[PDB]
Amino acid sequence: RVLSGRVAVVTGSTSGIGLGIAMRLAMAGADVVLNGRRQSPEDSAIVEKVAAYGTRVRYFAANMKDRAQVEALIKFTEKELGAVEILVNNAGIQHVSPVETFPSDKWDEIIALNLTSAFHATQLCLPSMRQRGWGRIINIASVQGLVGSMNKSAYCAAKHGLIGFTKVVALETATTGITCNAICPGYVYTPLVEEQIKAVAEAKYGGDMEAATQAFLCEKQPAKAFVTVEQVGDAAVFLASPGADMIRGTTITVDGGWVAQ
Amino acid sequence: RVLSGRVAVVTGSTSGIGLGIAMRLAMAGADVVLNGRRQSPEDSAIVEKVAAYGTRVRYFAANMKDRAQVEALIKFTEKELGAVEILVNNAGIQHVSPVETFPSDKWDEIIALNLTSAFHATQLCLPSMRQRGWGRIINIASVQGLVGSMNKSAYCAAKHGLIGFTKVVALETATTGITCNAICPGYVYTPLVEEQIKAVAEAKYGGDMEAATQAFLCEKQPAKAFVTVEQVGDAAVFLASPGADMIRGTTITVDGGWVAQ
Amino acid sequence: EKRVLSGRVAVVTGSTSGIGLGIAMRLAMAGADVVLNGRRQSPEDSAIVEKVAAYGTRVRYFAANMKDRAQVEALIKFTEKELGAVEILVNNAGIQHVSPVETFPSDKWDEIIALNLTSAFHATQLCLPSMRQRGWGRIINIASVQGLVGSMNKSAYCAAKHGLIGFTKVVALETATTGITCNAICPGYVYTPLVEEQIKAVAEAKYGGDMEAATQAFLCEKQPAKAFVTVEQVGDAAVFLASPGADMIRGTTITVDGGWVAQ
Amino acid sequence: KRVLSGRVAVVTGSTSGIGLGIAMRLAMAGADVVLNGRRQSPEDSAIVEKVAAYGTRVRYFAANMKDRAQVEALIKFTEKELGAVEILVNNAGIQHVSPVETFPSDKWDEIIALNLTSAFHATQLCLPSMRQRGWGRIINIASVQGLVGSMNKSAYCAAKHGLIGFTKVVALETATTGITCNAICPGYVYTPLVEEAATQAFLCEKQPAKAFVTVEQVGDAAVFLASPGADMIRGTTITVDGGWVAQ
Ligand SMILES: NC(=O)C1=CN([C@@H]2O[C@H](COP(=O)(O)OP(=O)(O)OC[C@H]3O[C@@H](n4cnc5c(N)ncnc54)[C@H](O)[C@@H]3O)[C@@H](O)[C@H]2O)C=CC1
Ligand SMILES: NC(=O)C1=CN([C@@H]2O[C@H](COP(=O)(O)OP(=O)(O)OC[C@H]3O[C@@H](n4cnc5c(N)ncnc54)[C@H](O)[C@@H]3O)[C@@H](O)[C@H]2O)C=CC1
Ligand SMILES: NC(=O)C1=CN([C@@H]2O[C@H](COP(=O)(O)OP(=O)(O)OC[C@H]3O[C@@H](n4cnc5c(N)ncnc54)[C@H](O)[C@@H]3O)[C@@H](O)[C@H]2O)C=CC1
Ligand SMILES: NC(=O)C1=CN([C@@H]2O[C@H](COP(=O)(O)OP(=O)(O)OC[C@H]3O[C@@H](n4cnc5c(N)ncnc54)[C@H](O)[C@@H]3O)[C@@H](O)[C@H]2O)C=CC1
């Protein structure tokens with residue numbers, strides 16, 4: 001297994017894409033630390049699901065908007081499993097609103113979680129990676145980091161900024177065994193997206209989720225199909241593998257053709 | 001002249017690129033409101049420089065990191081000159097540091113001024129532009145919004161984010177007479193850049209500003225010459241003119257070839 | 001009174017109609033002398049010349065097939081003899097052919113590559129030595145949004161326009177320390193006979209021959225502004241790139257597309 | 001037992017360098033592979049045996065990718081020997097370094113023909129069967145030079161940019177199917193086409209990693225694009241460049 005022995009931390013990995021990434025990393029042999037904002041009654045089941053692949057799996061609740069809790073997550077991983085070798089910055093939120101009425105607090109929260117938390121986690125993990133001469137920082141961006149979409153100003157700004165950050169980290173580590181790269185998914189059927197589909201279904205299609213899902217998807221995604229959490233996880237495993245030793249500062253876009261048009 | 005009668009606000013226009021933009025907009029016929037962080041002894045001389053072109057000029061001190069002062073700047077313009085028709089989001093700061101030691105407060109400040117302030121000013125100006133059926137929002141990004149550079153993680157993240165924000169605003173206004181675009185300068189010999197070059201000269205070139213300047217340009221800018229504040233202003237005039245009525249959500253890169261390679 | 005491009009000699013390939021004519025008009029309005037060009041001599045040439053010349057500059061016409069390097073050279077030499085050294089070169093002659101990849105005709109693929117990409121290389125190669133000798137030049141390549149993104153059934157055109165943008169970058173880098181710049185303009189949909197024919201095909205296929213609905217559907221698929229870009233706007237972009245404020249704009253794209261590439 | 005087991009791959013221009021590395025990695029992942037070069041050569045048995053060390057079916061076919069009839073012959077040979085072409089890797093590419101002013105016209109034409117138009121012909125010939133079978137991979141070997149420019153490489157940058165544009169269109173025209181089309185963009189790789197202090201000098205200007213990309217890494221990117229996890233990777237670039245395009 002290509003990642004056997006490596007210690008990975010996936011932020012926001014209690015559901016959706018984050019859980020899919022953690023699952024795929026474990027299948028590839030990595031020990032994994034799962035993380036959610038607050039402790040959930042589903043945490044034990046999630047940890048056992050990931051542990052089914054025979055690696056060491058832990059859970060640590062931490063609000064990634066709080067730098068002290070980011071540090072606590074890293075220290076917990078170092079105590080339980082060892083030095084963080086793979087860092088996946090995934091935790092992120094969405095808020096759909098036109099620019100004129102976009103709430104200031106929601107803008108600030110999206111910037112804080114989708115961009116600044118990745119900076120804090122990366123800052124905390126890089127010293128050990130440099131000392132060991134190996135590391136992977138994998139930032140879960142979006143197609144919205146490469147193009148714009150209406151009513152997603154804060155999210156598009158934060159994801160564009162996360163891609164910029166990725167480039168700089170990669171350039172500062174380019175002569176080391178540390179790489180930094182971003183994965184840019186298109187639409188994946190998570191709760192983050194199911195809520196948006198609900199909103200459009202109520203507003204436009206009489207609550208019909210089949211019709212609304214197709215209209216939502218086909219607006220943006222030429223494949224007329226969702227990307228899966230399994231595919232995003234496969235991209236993360238690829239970036240963490242030796243074949244990606246010279247992939248630095250780039251985007252792996254998994255989007256059904258969204259950015260190609 | 002092409003912008004005769006239009007009222008423009010340029011944030012951070014007491015120095016460098018912002019002042020060059022204000023001067024080129026005034027040369028093109030616009031009335032202009034200047035802005036700096038705080039009142040300075042040189043303010044009246046800067047007003048005189050911009051007023052040399054025969055238009056109406058005002059000055060308002062306001063900290064763009066404070067949303068209430070942004071609002072005060074807009075209301076001042078409305079009282080003195082009229083509705084804000086051209087908004088140039090320019091005020092910006094830089095801090096050079098590797099990611100591992102990048103100070104948290106400096107990261108936050110760069111995000112706040114170079115990205116979030118533009119969101120606040122745009123939000124405050126859009127309703128009047130929509131009511132009147134015309135507007136220009138011109139965001140001063142950077143080459144660092146399109147590619148990364150070592151030791152500039154916060155600034156690259158902020159400038160990338162500002163370009164993403166530009167796309168979204170443009171898309172939300174695409175069917176109106178309002179456009180939103182970004183200008184992406186390469187190196188311009190302003191105090192923001194002079195300070196970086198002086199730091200490099202003292203740290204690595206024995207105080208030789210000629211050698212430090214050569215090395216600074218040669219690293220990144222194929223033209224081996226600076227872009228000028230007048231050229232950035234000329235790009236702003238172009239975006240504000242009628243020939244740009246259908247230029248929306250794009251970047252005008254004025255960089256001596258930086259991004260082409 | 002003198003104008004911003006007064007004294008400069010421009011050549012615009014494929015400038016007897018549409019975008020090329022709009023560019024020629026705007027350059028002449030900005031004070032440039034202009035050589036117009038079409039594939040072959042036509043009865044309309046005189047009227048087009050006089051229309052451009054109404055702005056008080058020197059205007060000429062030369063018929064040349066831009067697929068034939070000998071005729072490209074003849075166009076440049078004609079300009080040198082009639083008006084003087086070519087200082088602004090606008091590579092605009094291009095063609096379109098809509099087809100799925102599986103059935104795309106080989107000859108049409110070759111023709112689109114030849115006109116939309118290789119002709120610009122030939123003209124640029126022929127004009128650069130004089131520009132370098134004089135220390136000043138503008139090469140302005142008329143690309144497309146299709147040089148930055150793909151669209152279905154336009155494989156050859158998207159390939160050629162992407163290639164033209166790559167070529168633009170290299171020319172700009174090889175001239176970056178000189179007074180010569182090279183850049184590309186990337187229009188979205190402009191109401192020209194090329195787009196008109198595409199819309200006619202769409203109308204006869206999907207909307208039963210309704211031109212209003214066909215036009216609206218054609219625009220809204222790709223162009224968020226739900227309005228066409230105009231030939232005048234493309235010309236304004238060319239004038240901007242040719243002007244002194246663009247002395248340090250090198251190897252880049254000016255995208256005039258109603259938001260097409262922003263989403 | 002392997003992710004590409006049973007898949008039939010054709011790699012154009014695969015007798016050495018990057019193309020051979022791709023063939024080796026595809027076979028390592030279980031693919032049957034047809035190798036290709038311009039002319040029949042000694043060492044062709046050697047390269048076939050090298051790739052066949054991975055335990056799959058390996059063939060060789062000589063064909064000049066500038067000749068549409070020979071491209072068709074390559075595809076038909078593959079269909080006869082192994083079955084339908086399922087993975088097509090377009091890697092017939094050549095280079096010529098020259099300033100624009102003196103760039104030979106025939107060299108410009110040849111670079112466009114091999115680096116761009118040959119990929120169109122091969123893709124056109126392979127797509128109908130892929131559509132019928134419900135699955136395909138078209139993997140175009142582009143370059144960093146398809147995303148940025150470099151001095152003295154006008155024809156190559158134009159052709160590689162064009163190949164990326166072509167990739168987007170093919171992907172969009174197949175987006176609702178089991179066929180994907182994508183491009184791999186390598187930075188400097190230590191091949192004859194490219195080639196201690198001299199090495200660092202050549203790498204320093206463009207490649208921040210100050211090290212070469214390997215042929216095995218380019219092959220690993222092709223295996224990734226051919227795998228099920230890439231079913232919804234469409235019309236994009238996988239850039240393997242040591243940071244070149246990030247700055
Ligand atoms: N779903 C999609 O279509 C796409 C999503 N993405 C990104 O993928 C990442 C995962 O999103 P999804 O799985 O769709 O959403 P989700 O709602 O299914 O998952 C959110 C996860 O983040 C955790 N989380 C939220 N706020 C947190 C905080 N402050 N601290 C710690 N953990 C926190 C939640 O507990 C949950 O584990 C997000 O960054 C999203 O922006 C990117 C592109 C496409
Ligand atoms: N100089 C360069 O090479 C490049 C600069 N830029 C951008 O151009 C913009 C202008 O920068 P420069 O002219 O080079 O710098 P500068 O230091 O000469 O000018 C900065 C202006 O911003 C004002 N400012 C700073 N903080 C402020 C605050 N909190 N509130 C209000 N005003 C404030 C300063 O008073 C000054 O007027 C910045 O956004 C910079 O990112 C972009 C690319 C290249
Ligand atoms: N019309 C549009 O929506 C867009 C067009 N463009 C590009 O703008 C340029 C002009 O296109 P349009 O004005 O729209 O089309 P058009 O058909 O109106 O213009 C074609 C012009 O090129 C000339 N021409 C054609 N083949 C020639 C040849 N072999 N030798 C010499 N001259 C030749 C024709 O005489 C005519 O003057 C083309 O490069 C097109 O690719 C770019 C983006 C959008
Ligand atoms: N070498 C590098 O640094 C980079 C190379 N590439 C691309 O990778 C591809 C392979 O290049 P390299 O391995 O570096 O070069 P190479 O010279 O080692 O490989 C050339 C291969 O193509 C074959 N070939 C050449 N012309 C042919 C034709 N007309 N028909 C059939 N086969 C033909 C040759 O027999 C040889 O097998 C080329 O497209 C190159 O542009 C991409 C980016 C970086």
Side-chain angles (χ1 to χ4, degrees), chain C residues 67 69 101-102 104-119 121-122 155-156 159-160 162-163 166-167, chain D residues 10-20 22-23 34-38 40-41 44 47 59-79 85 88-98 103-127 138-143 145-146 153-167 170 181 183 191-193:
Chain C
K67 296 199 286 240
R69 189 183 195 280
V101 172
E102 292 86 0
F104 209 107
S106 176
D107 66 328
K108 295 293 179 216
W109 174 278
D110 291 341
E111 191 183 0
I112 288 163
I113 298 310
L115 279 165
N116 302 17
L117 175 54
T118 297
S119 303
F121 158 60
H122 289 158
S155 56
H162 273 72
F167 180 67
Chain D
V10 177
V11 186
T12 69
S14 45
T15 62
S16 62
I18 290 175
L20 183 54
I22 296 164
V34 181
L35 307 172
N36 161 253
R38 258 166 308 159
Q40 188 70 232
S41 182
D44 287 347
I47 66 177
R59 303 290 182 269
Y60 173 80
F61 193 78
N64 191 317
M65 293 300 303
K66 276 182 255 152
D67 184 341
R68 212 263 195 167
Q70 295 186 55
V71 178
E72 186 164 19
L74 171 67
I75 302 306
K76 290 246 200 280
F77 167 84
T78 301
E79 290 171 345
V85 178
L88 171 63
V89 181
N90 291 304
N91 184 73
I94 57 161
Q95 175 65 279
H96 183 76
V97 177
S98 174
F103 209 104
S105 174
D106 52 355
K107 295 301 299 190
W108 173 281
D109 288 348
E110 185 180 22
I111 286 166
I112 300 314
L114 280 172
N115 304 19
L116 175 54
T117 298
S118 289
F120 158 62
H121 288 148
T123 299
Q124 183 172 69
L125 287 162
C126 288
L127 277 168
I138 301 151
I139 300 167
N140 293 322
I141 308 306
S143 171
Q145 309 293 5
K153 295 178 176 182
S154 54
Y156 187 90
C157 292
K160 292 300 192 182
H161 274 73
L163 182 62
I164 290 174
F166 179 70
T167 298
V170 177
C181 180
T191 72
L193 181 141

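Quick note on labels: first sequence line is chain A, next is B, and so on, each numbered from 1. These numbers come from the heavy atoms of this one structure, side chains and all, not from hydrogens, waters or symmetry mates.
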For residues [X] and [Y], report the shortest heavy-atom separation together with the two atoms involved.
X: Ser118(D); Y: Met65(D); result: OG-O, 2.6 Å
X: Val11(D); Y: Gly19(D); result: CG1-O, 3.7 Å
X: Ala159(D); Y: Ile112(D); result: CB-CD1, 3.8 Å
X: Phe166(D); Y: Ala119(D); result: CE2-O, 4.0 Å

If you round to the nearest 0.5 Å, how far is [atom2] of [Y] from [atom1] of [X]?
X: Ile164(D); Y: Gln145(D); atom1: CD1; atom2: CD; answer: 10.0 Å
X: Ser98(D); Y: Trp108(D); atom1: OG; atom2: CH2; answer: 11.0 Å
X: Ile22(D); Y: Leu35(D); atom1: CD1; atom2: CG; answer: 11.5 Å
X: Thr117(D); Y: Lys66(D); atom1: OG1; atom2: NZ; answer: 12.0 Å
X: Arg38(D); Y: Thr15(D); atom1: CZ; atom2: OG1; answer: 8.0 Å
X: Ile112(C); Y: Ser155(C); atom1: CD1; atom2: OG; answer: 7.5 Å

[Y] and [X], any side-chain heavy atoms less than 4.5 Å apart:
X: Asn140(D); Y: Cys181(D); answer: yes
X: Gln124(D); Y: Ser106(C); answer: no
X: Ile75(D); Y: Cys126(D); answer: yes
X: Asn36(D); Y: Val10(D); answer: no
X: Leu127(D); Y: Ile138(D); answer: yes

Practice prompt. Run the numbers on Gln40(D) and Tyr60(D) for side-chain contact (heavy atoms from CB on, under 4.5 Å), then give the verdict.
Written response: CA-CA 9 Å; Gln40(D) 188 70 232; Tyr60(D) 173 80; 3.6 Å; yes
Worksheet item: Under the 3.5 angstrom rule, does the side chain of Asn115(D) hit a backbone N or O of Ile94(D) as a donor-acceptor pair?
Response: yes
Fill in: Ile139(D), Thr123(D), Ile141(D) screened by side-chain contact (heavy atoms from CB on, under 4.5 Å) with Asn90(D), the one that passes
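The single option meeting the side-chain contact (heavy atoms from CB on, under 4.5 Å) with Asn90(D) is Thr123(D).
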Item to complete: Would you please test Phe103(D) and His96(D) for ring pair (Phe, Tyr, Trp, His ring centres under 6.0 Å) and show each step?
Response: CA-CA 9 Å; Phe103(D) 209 104; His96(D) 183 76; 5.5 Å; yes
